[PDB]
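**Q** Pasting a structure below so you can have a look.
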Amino acid sequence: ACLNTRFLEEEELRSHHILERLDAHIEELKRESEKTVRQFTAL
Amino acid sequence: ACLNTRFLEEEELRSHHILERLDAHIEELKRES
Amino acid sequence: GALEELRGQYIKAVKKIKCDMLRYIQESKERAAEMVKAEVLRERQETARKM
Amino acid sequence: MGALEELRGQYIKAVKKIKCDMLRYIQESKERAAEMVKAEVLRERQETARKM
């Protein structure tokens, strides 16, 4: 009944949010590493 | 109950597994580094 | 060169980590969805009662 | 040399944040599962009332 469906709907929302946070940590890595490469490559 | 207790049991096992193999993979690439 | 390749490897390694977490989260949703069917089926025991 | 340490440091930081996020997501998920155990023992009150 309605405990479990509402549980699932919550799971869905938390699934999207934890997903964002993972994409963030990746995008930050891409920006930090791109800068390290660019600047050390100038050497 | 025995439904939802069965549920909590399994999530304990499978969440412990996911953390295990992740701690393995961090130890992996740091020893590779 | 070497630094850009090393960057690509770290990126590809973390993306793998992300895939593992994704497959896990998908399995979360399936399990909680399987719960829904399981609760509907125990309602079946109580509607046999009501008959 | 320093680029290698930097890149290594950035990878480690990325994955250590992913682990922190999963650790909290999991702890939250188990509490929500435990809350679903309580909420349903309380739904037997309706059954035990029917039995009274």
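Following the order of the structure tokens, first chain is A, next is B, and so on, with residues numbered from 1 inside each chain and ligands from 1 in the order they appear.
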Quick one: which chain B residues come within 8 Å of chain C, and what is the nearest atom pair for each with the distance in Å to one decimal, counting only C-alpha atoms, rows ordered by chain and ascending number, as a tab-separated table?

**A**
residue	atom	partner	partner_atom	distance
B:3	CA	C:38	CA	7.7
B:18	CA	C:24	CA	7.8
B:22	CA	C:17	CA	7.6

**Q** Please provide the set of residues having any atom within 10 Å of region 8-15 of chain D, restricted to only C-alpha atoms, with same-chain residues fewer than 3 positions apart removed, written as a PyMOL selection string.

**A** (chain A and resi 22+24-30+32-33+36) or (chain B and resi 22-23+25-26+29-30+33) or (chain C and resi 6-7+9-11+13-15+17-18) or (chain D and resi 2-5+18-21)

**Q** For chain A against chain C, which residues fall within 6 Å using only C-alpha atoms, given as a ChimeraX atom specification?

**A** /A:4,8,37

**Q** Set the distance at 10 Å and use only C-alpha atoms: which residues neighbour region 38-48 of chain D once local chain neighbours fewer than 4 positions away are removed? I'd like the list as a PyMOL selection string.

**A** (chain A and resi 3) or (chain B and resi 1-5) or (chain D and resi 33-34+52)

**Q** So that I have them on file, write out the residues from the current selection with N, CA, C and O atoms, as a PDB file, in the first residue's frame.

**A**
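again_21.pdb written:
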ATOM      1  N   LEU A   3       2.548   3.182   2.314  1.00  0.00           N
ATOM      2  CA  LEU A   3       3.868   3.332   2.924  1.00  0.00           C
ATOM      3  C   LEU A   3       4.963   3.047   1.912  1.00  0.00           C
ATOM      4  O   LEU A   3       5.928   3.807   1.797  1.00  0.00           O
TER       5      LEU A   3
ATOM      6  N   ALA B   1       6.164  -6.854   8.535  1.00  0.00           N
ATOM      7  CA  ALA B   1       7.349  -6.704   9.364  1.00  0.00           C
ATOM      8  C   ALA B   1       8.432  -7.601   8.841  1.00  0.00           C
ATOM      9  O   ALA B   1       9.435  -7.110   8.341  1.00  0.00           O
ATOM     10  N   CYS B   2       8.218  -8.919   8.953  1.00  0.00           N
ATOM     11  CA  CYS B   2       9.149  -9.891   8.388  1.00  0.00           C
ATOM     12  C   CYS B   2       9.442  -9.612   6.916  1.00  0.00           C
ATOM     13  O   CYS B   2      10.480 -10.040   6.404  1.00  0.00           O
ATOM     14  N   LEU B   3       8.556  -8.892   6.226  1.00  0.00           N
ATOM     15  CA  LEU B   3       8.906  -8.301   4.939  1.00  0.00           C
ATOM     16  C   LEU B   3       9.975  -7.226   5.125  1.00  0.00           C
ATOM     17  O   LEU B   3      11.079  -7.329   4.585  1.00  0.00           O
ATOM     18  N   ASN B   4       9.689  -6.216   5.939  1.00  0.00           N
ATOM     19  CA  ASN B   4      10.568  -5.058   6.033  1.00  0.00           C
ATOM     20  C   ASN B   4      11.830  -5.337   6.835  1.00  0.00           C
ATOM     21  O   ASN B   4      12.829  -4.644   6.645  1.00  0.00           O
ATOM     22  N   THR B   5      11.801  -6.310   7.745  1.00  0.00           N
ATOM     23  CA  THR B   5      13.024  -6.738   8.413  1.00  0.00           C
ATOM     24  C   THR B   5      13.911  -7.519   7.459  1.00  0.00           C
ATOM     25  O   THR B   5      15.129  -7.330   7.459  1.00  0.00           O
TER      26      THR B   5
ATOM     27  N   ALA D  33      14.692   2.486   5.911  1.00  0.00           N
ATOM     28  CA  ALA D  33      14.205   1.112   5.954  1.00  0.00           C
ATOM     29  C   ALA D  33      13.772   0.729   7.362  1.00  0.00           C
ATOM     30  O   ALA D  33      12.750   0.056   7.544  1.00  0.00           O
ATOM     31  N   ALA D  34      14.543   1.141   8.369  1.00  0.00           N
ATOM     32  CA  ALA D  34      14.161   0.862   9.747  1.00  0.00           C
ATOM     33  C   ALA D  34      12.873   1.584  10.112  1.00  0.00           C
ATOM     34  O   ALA D  34      12.013   1.027  10.805  1.00  0.00           O
ATOM     35  N   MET D  52      -9.302  -7.980  19.120  1.00  0.00           N
ATOM     36  CA  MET D  52      -9.996  -7.657  20.361  1.00  0.00           C
ATOM     37  C   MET D  52     -11.505  -7.660  20.133  1.00  0.00           C
ATOM     38  O   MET D  52     -12.286  -7.830  21.070  1.00  0.00           O
TER      39      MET D  52
END

**Q** So the first atom is CA of residue 34 (chain A) and the second is CA of residue 20 (chain A); what is the distance between them in Å, to one decimal place?

**A**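 Answer for the CA of residue 34 (chain A) to CA of residue 20 (chain A) separation: 20.9 Å.
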
**Q** Could you jot down the CA of residue 17 (chain D) to CA of residue 23 (chain C) separation for me, Å, one decimal place?

**A** 18.4 Å

**Q** For CA of residue 44 (chain C) and CA of residue 30 (chain D), determine how far apart the two atoms are, in Å to one decimal place.

**A**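 Straight-line distance from CA of residue 44 (chain C) to CA of residue 30 (chain D) works out to 27.5 Å.
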